[PDB]
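[1] give me a model of this one.
(one chain, ligands or ions: 2)
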Amino acid sequence: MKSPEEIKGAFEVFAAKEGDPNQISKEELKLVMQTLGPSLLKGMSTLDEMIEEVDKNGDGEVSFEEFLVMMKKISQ
Ligand SMILES: [Ca+2]
Ligand SMILES: [Ca+2]
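    Numbers count the residues shown, from 1 in each chain. Ligands and ions are numbered 1, 2, ... in the order given. There you are, the coordinates:
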């Protein structure tokens, strides 16, 4: 899996499109989904499945810590 620094770079770009600069909203996660596409796993590859898997605290947005866990899961 990518290093925490590489993942942080990608996270920051996606998270600073709209709203909270430090969280990825569902609408921002749509762009993450479009970029990761066929690398997303079965059961976490629709936008709904993805955020449900990734958003551990249920605030409806994806934090850096949550995003790191997502990237780990995708790459085994
Ligand atoms: Ca954001
Ligand atoms: Ca969250």
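[2] residues of the chain that sit close to ligand 1?
    Listed as neighbours of ligand 1 in the chain under the rule Cβ under 5 Å from the ion: 15, 19-20. For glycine as for every other residue, the C-beta is placed from the backbone atoms N, C-alpha and C.
[3] and those, which of them are buried?
    Of the members of the residues of the chain next to ligand 1, the ones counted as buried by neighbours, 16 or more other Cβ atoms under 10 Å, are residue 15.
[4] tell me the secondary structure of residue 60, please.
    coil (DSSP: H, G, I helix; E, B strand; the rest coil).
[5] picking up where we left off before, just the residues of the chain next to ligand 1 now: which is nearest residue 64?
    Residue 64 has its nearest neighbour among those in residue 15, at 7.8 Å by Cβ to Cβ.
[6] now the residue most central in space within the chain: how far from residue 53?
    With distances taken as Cα atoms, centre = their mean, the chain has residue 67 as the residue nearest its mean C-alpha position (4.4 Å). When distance is defined by Cβ to Cβ, to the nearest Å, residue 67 is 12 Å away from residue 53.
[7] next one: residue 40
    As judged by Cβ to Cβ, residue 40 and residue 53 stand 9 Å apart.
[8] before we move on, the earlier item: correct me, but the residue nearest to the centre of the chain touches residue 54?
    Yes. Residue 67 sits in contact with residue 54 when judged by Cβ atoms under 8 Å, with a separation of 7.1 Å.
[9] on that earlier part again, show me what contacts the residue nearest to the centre of the chain?
    By Cβ atoms under 8 Å, 6 or more residues apart in numbering, the residues touching residue 67 are 7, 11, 24, 54.
[10] figure out the helix or strand that the nearest residue to residue 4 once chain neighbours are set aside lives in.
    Distance criterion Cβ to Cβ, 6 or more residues apart in numbering; nearest residue to residue 4, sequence neighbours excluded, is residue 68 at 6.5 Å. Applying DSSP states H and E as the criterion places residue 68 in helix 64-74.
[11] show me which residues of that helix are buried.
    Taking 16+ other Cβ under 10 Å as the basis for neighbour counts, the residues of helix 64-74 that come out buried are 64, 66-68, 70-71.
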